[PDB]
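Scroll down for the structure; my scribbles are underneath it.
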Amino acid sequence: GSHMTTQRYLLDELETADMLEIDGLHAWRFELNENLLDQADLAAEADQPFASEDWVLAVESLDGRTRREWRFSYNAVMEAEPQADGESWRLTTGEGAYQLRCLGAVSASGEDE
């Protein structure tokens, strides 16, 4: 159900988060691959490290009225480094580095897919 409690990855944080910032730019929307997060926690409950290069997080902010969407793999979210801010994570991708800072506690997980 919730194995990552003592293992606090970016995965642990986006489950409970309401707001999500990227490099200081706050996103109004983000969606999660909950189907893959069932399998992620299923592996974690068996004490097995889960790693998949499928998407896990689509981060959408609107600047003006344009949709700006950053998609991160589950692999990138596992390789995301905990920064000294305590909420910020260093997403070092082949496109660039993106600071994902999960804010709030309303739990955005529980949508559909």
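Out of curiosity, is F72 surrounded by 15 or more Cβ atoms within 10 Å (Cβ to Cβ) and within 12 Å of the chain's Cα centre (by Cα)?
yes
Can you name every residue in the stretch 45-65 that is among the aliphatic types (A, V, I, L, M), over 21 Å from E111 (Cβ atoms) and either without any contact (Cβ under 8 Å) to a residue 12 or more places away in the chain or surrounded by 15 or more Cβ atoms within 10 Å (Cβ to Cβ) (or both)? The answer is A46, and nothing else. What about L103, is it touching a residue at least 40 places away in the same chain (Cβ under 8 Å) and more than 17 Å from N33 (Cα to Cα)? The answer is yes for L103.
Coordinate-derived values only; no laboratory data. In this analysis, Cβ positions are derived from the backbone assuming ideal geometry, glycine residues included, and neighbour counts consider all displayed protein chains.
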